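> This is entry-v4.txt (compact mmCIF, N, CA, C and O atoms and all ligand atoms).
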```txt
# COMPACT_ATOMS: atom_id res chain seq x y z
N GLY B 1 -4.00 -15.47 -7.74
CA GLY B 1 -4.19 -15.83 -9.15
C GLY B 1 -2.90 -16.34 -9.68
O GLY B 1 -1.89 -15.64 -9.64
N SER B 2 -2.89 -17.66 -9.96
CA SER B 2 -1.75 -18.37 -10.50
C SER B 2 -1.41 -17.82 -11.86
O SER B 2 -0.23 -17.59 -12.16
N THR B 3 -2.45 -17.58 -12.69
CA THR B 3 -2.32 -17.03 -14.01
C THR B 3 -2.24 -15.52 -13.89
O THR B 3 -2.50 -14.96 -12.82
N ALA B 4 -1.85 -14.84 -14.99
CA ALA B 4 -1.74 -13.41 -14.97
C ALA B 4 -3.11 -12.86 -15.21
O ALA B 4 -3.71 -13.05 -16.27
N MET B 5 -3.64 -12.19 -14.16
CA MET B 5 -4.94 -11.59 -14.21
C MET B 5 -4.61 -10.15 -14.38
O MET B 5 -4.06 -9.52 -13.47
N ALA B 6 -4.86 -9.63 -15.61
CA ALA B 6 -4.60 -8.26 -16.01
C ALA B 6 -3.18 -7.85 -15.70
O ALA B 6 -2.93 -6.79 -15.12
N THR B 7 -2.23 -8.74 -16.07
CA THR B 7 -0.80 -8.63 -15.92
C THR B 7 -0.28 -8.76 -14.51
O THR B 7 0.57 -9.62 -14.28
N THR B 8 -0.80 -7.96 -13.55
CA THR B 8 -0.30 -8.03 -12.19
C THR B 8 -1.41 -8.46 -11.27
O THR B 8 -2.57 -8.06 -11.41
N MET B 9 -1.04 -9.33 -10.29
CA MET B 9 -1.93 -9.88 -9.30
C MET B 9 -1.79 -9.22 -7.95
O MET B 9 -0.89 -8.40 -7.73
N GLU B 10 -2.90 -9.32 -7.18
CA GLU B 10 -3.15 -8.84 -5.83
C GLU B 10 -3.44 -7.38 -5.70
O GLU B 10 -3.80 -6.92 -4.62
N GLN B 11 -3.33 -6.62 -6.81
CA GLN B 11 -3.62 -5.23 -6.80
C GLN B 11 -5.03 -4.93 -7.27
O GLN B 11 -5.42 -3.77 -7.37
N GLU B 12 -5.83 -6.00 -7.54
CA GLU B 12 -7.23 -6.02 -7.95
C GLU B 12 -7.53 -5.47 -9.31
O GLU B 12 -6.63 -4.94 -9.95
N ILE B 13 -8.78 -5.63 -9.85
CA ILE B 13 -9.10 -5.14 -11.19
C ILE B 13 -10.53 -4.61 -11.22
O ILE B 13 -11.45 -5.34 -10.83
N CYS B 14 -10.75 -3.34 -11.69
CA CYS B 14 -12.08 -2.78 -11.84
C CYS B 14 -12.23 -2.26 -13.27
O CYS B 14 -12.14 -3.06 -14.20
N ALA B 15 -12.43 -0.92 -13.49
CA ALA B 15 -12.57 -0.31 -14.79
C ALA B 15 -11.31 0.29 -15.38
O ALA B 15 -10.82 -0.30 -16.34
N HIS B 16 -10.74 1.44 -14.89
CA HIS B 16 -9.51 1.95 -15.49
C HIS B 16 -8.37 2.58 -14.71
O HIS B 16 -8.34 3.78 -14.45
N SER B 17 -7.38 1.75 -14.33
CA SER B 17 -6.16 2.09 -13.65
C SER B 17 -6.13 2.93 -12.38
O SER B 17 -5.40 3.92 -12.32
N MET B 18 -6.92 2.57 -11.32
CA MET B 18 -6.88 3.35 -10.10
C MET B 18 -6.69 2.71 -8.75
O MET B 18 -5.59 2.23 -8.48
N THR B 19 -7.69 2.77 -7.83
CA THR B 19 -7.57 2.25 -6.48
C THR B 19 -8.86 1.60 -6.06
O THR B 19 -9.91 1.82 -6.66
N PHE B 20 -8.81 0.78 -4.98
CA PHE B 20 -9.95 0.08 -4.42
C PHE B 20 -11.01 1.08 -4.00
O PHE B 20 -12.18 0.91 -4.32
N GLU B 21 -10.58 2.15 -3.30
CA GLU B 21 -11.45 3.21 -2.83
C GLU B 21 -12.03 3.95 -3.99
O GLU B 21 -13.20 4.35 -3.97
N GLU B 22 -11.20 4.16 -5.03
CA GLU B 22 -11.54 4.85 -6.25
C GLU B 22 -12.45 4.07 -7.15
O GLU B 22 -13.13 4.68 -7.98
N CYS B 23 -12.59 2.73 -6.95
CA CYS B 23 -13.38 1.87 -7.81
C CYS B 23 -14.81 2.30 -8.03
O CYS B 23 -15.20 2.26 -9.19
N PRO B 24 -15.65 2.72 -7.02
CA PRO B 24 -17.00 3.16 -7.30
C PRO B 24 -17.05 4.36 -8.21
O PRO B 24 -18.05 4.49 -8.92
N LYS B 25 -16.01 5.24 -8.18
CA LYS B 25 -15.95 6.40 -9.03
C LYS B 25 -15.90 5.96 -10.45
O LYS B 25 -16.64 6.52 -11.27
N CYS B 26 -15.05 4.95 -10.76
CA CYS B 26 -15.04 4.51 -12.11
C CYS B 26 -15.46 3.12 -12.33
O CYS B 26 -14.75 2.14 -12.10
N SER B 27 -16.72 3.11 -12.77
CA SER B 27 -17.53 2.03 -13.23
C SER B 27 -18.04 2.66 -14.53
O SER B 27 -19.13 2.35 -15.02
N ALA B 28 -17.20 3.56 -15.12
CA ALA B 28 -17.43 4.35 -16.28
C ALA B 28 -17.38 3.56 -17.54
O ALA B 28 -16.92 2.42 -17.58
N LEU B 29 -17.84 4.23 -18.61
CA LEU B 29 -17.98 3.73 -19.94
C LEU B 29 -16.71 3.20 -20.52
O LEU B 29 -16.77 2.20 -21.24
N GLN B 30 -15.53 3.80 -20.21
CA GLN B 30 -14.29 3.35 -20.78
C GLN B 30 -13.88 1.93 -20.46
O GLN B 30 -13.60 1.18 -21.40
N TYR B 31 -13.89 1.50 -19.16
CA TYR B 31 -13.52 0.16 -18.70
C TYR B 31 -12.19 -0.32 -19.27
O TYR B 31 -12.02 -1.50 -19.58
N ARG B 32 -11.18 0.59 -19.38
CA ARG B 32 -9.91 0.26 -20.00
C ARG B 32 -9.01 -0.79 -19.43
O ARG B 32 -8.56 -1.66 -20.18
N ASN B 33 -8.74 -0.76 -18.10
CA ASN B 33 -7.83 -1.71 -17.49
C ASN B 33 -8.39 -2.23 -16.20
O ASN B 33 -8.86 -3.36 -16.16
N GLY B 34 -8.38 -1.38 -15.15
CA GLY B 34 -8.87 -1.76 -13.85
C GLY B 34 -8.76 -0.62 -12.90
O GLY B 34 -7.66 -0.25 -12.48
N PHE B 35 -9.90 -0.06 -12.46
CA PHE B 35 -9.97 1.08 -11.58
C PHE B 35 -9.55 0.69 -10.18
O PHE B 35 -9.42 1.58 -9.34
N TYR B 36 -9.43 -0.63 -9.86
CA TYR B 36 -8.91 -1.07 -8.59
C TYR B 36 -7.44 -1.42 -8.81
O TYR B 36 -6.65 -1.35 -7.87
N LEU B 37 -7.05 -1.68 -10.08
CA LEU B 37 -5.76 -2.18 -10.48
C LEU B 37 -4.50 -1.46 -10.18
O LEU B 37 -3.62 -2.13 -9.66
N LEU B 38 -4.39 -0.14 -10.41
CA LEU B 38 -3.12 0.51 -10.19
C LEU B 38 -2.66 0.43 -8.76
O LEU B 38 -1.49 0.15 -8.52
N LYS B 39 -3.58 0.66 -7.79
CA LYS B 39 -3.20 0.63 -6.41
C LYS B 39 -4.18 -0.06 -5.53
O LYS B 39 -5.37 0.22 -5.52
N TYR B 40 -3.65 -1.03 -4.77
CA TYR B 40 -4.38 -1.73 -3.76
C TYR B 40 -3.70 -1.32 -2.45
O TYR B 40 -4.12 -1.73 -1.36
N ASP B 41 -2.66 -0.43 -2.54
CA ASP B 41 -1.85 0.08 -1.47
C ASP B 41 -1.20 -0.99 -0.65
O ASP B 41 -1.17 -0.96 0.58
N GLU B 42 -0.65 -1.99 -1.38
CA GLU B 42 0.06 -3.09 -0.79
C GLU B 42 1.49 -2.77 -1.12
O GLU B 42 1.80 -2.35 -2.24
N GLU B 43 2.39 -2.91 -0.13
CA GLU B 43 3.79 -2.63 -0.31
C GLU B 43 4.41 -3.70 -1.15
O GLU B 43 4.19 -4.89 -0.91
N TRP B 44 5.19 -3.28 -2.17
CA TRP B 44 5.84 -4.21 -3.06
C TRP B 44 7.33 -4.10 -2.96
O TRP B 44 7.90 -3.02 -3.08
N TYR B 45 7.96 -5.27 -2.70
CA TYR B 45 9.39 -5.47 -2.56
C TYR B 45 10.12 -4.54 -1.61
O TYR B 45 11.08 -3.88 -2.03
N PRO B 46 9.67 -4.42 -0.32
CA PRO B 46 10.31 -3.55 0.64
C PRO B 46 11.64 -4.11 1.04
O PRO B 46 11.71 -5.12 1.75
N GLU B 47 12.71 -3.42 0.62
CA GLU B 47 14.07 -3.80 0.86
C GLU B 47 14.39 -3.83 2.32
O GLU B 47 15.05 -4.76 2.78
N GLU B 48 13.89 -2.82 3.08
CA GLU B 48 14.11 -2.70 4.49
C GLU B 48 13.55 -3.88 5.24
O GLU B 48 14.24 -4.43 6.10
N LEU B 49 12.30 -4.29 4.91
CA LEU B 49 11.67 -5.41 5.55
C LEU B 49 12.37 -6.71 5.26
O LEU B 49 12.53 -7.53 6.17
N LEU B 50 12.81 -6.90 4.00
CA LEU B 50 13.51 -8.08 3.56
C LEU B 50 14.82 -8.24 4.29
O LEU B 50 15.15 -9.35 4.71
N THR B 51 15.58 -7.13 4.47
CA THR B 51 16.85 -7.14 5.15
C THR B 51 16.58 -7.34 6.62
O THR B 51 15.67 -6.73 7.19
N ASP B 52 17.37 -8.24 7.26
CA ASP B 52 17.25 -8.54 8.66
C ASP B 52 17.71 -7.35 9.46
O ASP B 52 18.73 -6.73 9.14
N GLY B 53 16.94 -7.01 10.51
CA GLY B 53 17.25 -5.89 11.35
C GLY B 53 16.09 -5.55 12.22
O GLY B 53 15.22 -6.38 12.49
N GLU B 54 16.08 -4.28 12.69
CA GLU B 54 15.07 -3.70 13.54
C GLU B 54 13.74 -3.62 12.85
O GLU B 54 13.67 -3.47 11.63
N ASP B 55 12.66 -3.75 13.65
CA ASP B 55 11.29 -3.72 13.18
C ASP B 55 10.91 -2.43 12.53
O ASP B 55 10.30 -2.46 11.45
N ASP B 56 11.28 -1.28 13.14
CA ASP B 56 10.96 0.02 12.59
C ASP B 56 12.21 0.81 12.37
O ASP B 56 13.24 0.56 13.00
N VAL B 57 12.13 1.78 11.44
CA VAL B 57 13.21 2.67 11.05
C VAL B 57 13.60 3.52 12.24
O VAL B 57 14.79 3.76 12.46
N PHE B 58 12.60 3.99 13.01
CA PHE B 58 12.83 4.80 14.17
C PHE B 58 13.38 4.05 15.36
O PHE B 58 13.90 4.70 16.26
N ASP B 59 13.32 2.69 15.37
CA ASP B 59 13.81 1.90 16.48
C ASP B 59 15.29 2.06 16.78
O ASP B 59 15.59 2.28 17.96
N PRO B 60 16.26 1.99 15.81
CA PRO B 60 17.66 2.17 16.12
C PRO B 60 17.97 3.60 16.47
O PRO B 60 17.45 4.50 15.79
N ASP B 61 18.82 3.81 17.50
CA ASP B 61 19.24 5.10 18.00
C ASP B 61 18.09 6.02 18.33
O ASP B 61 18.09 7.21 18.00
N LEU B 62 17.06 5.45 19.00
CA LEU B 62 15.89 6.17 19.38
C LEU B 62 16.13 6.70 20.76
O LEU B 62 16.41 5.94 21.69
N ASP B 63 16.05 8.04 20.90
CA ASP B 63 16.25 8.66 22.18
C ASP B 63 14.87 9.07 22.58
O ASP B 63 14.21 9.85 21.88
N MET B 64 14.40 8.52 23.72
CA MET B 64 13.08 8.81 24.22
C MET B 64 13.17 9.76 25.37
O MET B 64 14.09 9.69 26.19
N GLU B 65 12.33 10.81 25.27
CA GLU B 65 12.22 11.86 26.25
C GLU B 65 11.04 11.47 27.09
O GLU B 65 9.95 11.22 26.58
N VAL B 66 11.26 11.41 28.43
CA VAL B 66 10.23 11.03 29.36
C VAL B 66 9.85 12.32 30.04
O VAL B 66 10.70 13.07 30.53
N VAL B 67 8.53 12.61 30.05
CA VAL B 67 7.97 13.81 30.65
C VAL B 67 7.83 13.75 32.15
O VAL B 67 7.59 14.79 32.77
N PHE B 68 8.00 12.55 32.77
CA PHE B 68 7.88 12.28 34.19
C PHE B 68 6.55 12.73 34.75
O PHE B 68 6.46 13.31 35.84
N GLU B 69 5.47 12.46 33.97
CA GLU B 69 4.09 12.78 34.25
C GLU B 69 3.84 14.26 34.43
O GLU B 69 2.89 14.67 35.10
N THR B 70 4.67 15.10 33.77
CA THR B 70 4.55 16.54 33.84
C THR B 70 3.83 16.88 32.57
O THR B 70 4.22 16.47 31.47
N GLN B 71 2.73 17.64 32.73
CA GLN B 71 1.90 18.07 31.64
C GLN B 71 2.38 19.45 31.20
O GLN B 71 2.67 19.60 29.99
ZN ZN B 101 -16.96 -3.88 -11.39
```
Rewrite the structure from the file as structure tokens, please.

Amino acid sequence: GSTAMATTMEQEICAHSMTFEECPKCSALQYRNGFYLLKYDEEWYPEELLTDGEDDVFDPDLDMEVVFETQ
């Protein structure tokens, strides 16, 4: 959405300030903002990802213990 759809985009919009999963719960009478709106559980502005480096946090200085097929 090029234009501002309920102020913030990509986090979706339903009835009143919640989550995508939470949306069927509120299709309630209030309809204040957007029950899908508060959270679409999309990461916003991850500094770690933006900064060049290792793929995962656990990747640097990872010491792996090998069980040598011993159960
Ligand atoms: Zn709806």
> Hey, which residues come within 8 Å of ligand ZN 101 (chain B) if we count only N, CA, C and O atoms and all ligand atoms? Could you give them as a ChimeraX atom specification?
/B:13-15,23,26-27
> For each of B:18, B:49, B:57, B:5, take the minimum atom-to-atom distance to residue 34 of chain B, counting only N, CA, C and O atoms, then give the residue where this is smallest.
B:18
> Between atom CA of residue 6 of chain B and atom CA of residue 50 of chain B, what is the distance, to one decimal in Å?
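So the two atoms, atom CA of residue 6 of chain B and atom CA of residue 50 of chain B, lie 26.7 Å apart.
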> Please measure the separation of atom O of residue 64 of chain B and atom O of residue 52 of chain B, giving the value in Å to one decimal.
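A separation of 24.1 Å between them.
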> Rounded to one decimal in Å, what is the spacing between atom C of residue 33 of chain B and atom CA of residue 12 of chain B?
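Going from atom C of residue 33 of chain B over to atom CA of residue 12 of chain B covers 9.2 Å.
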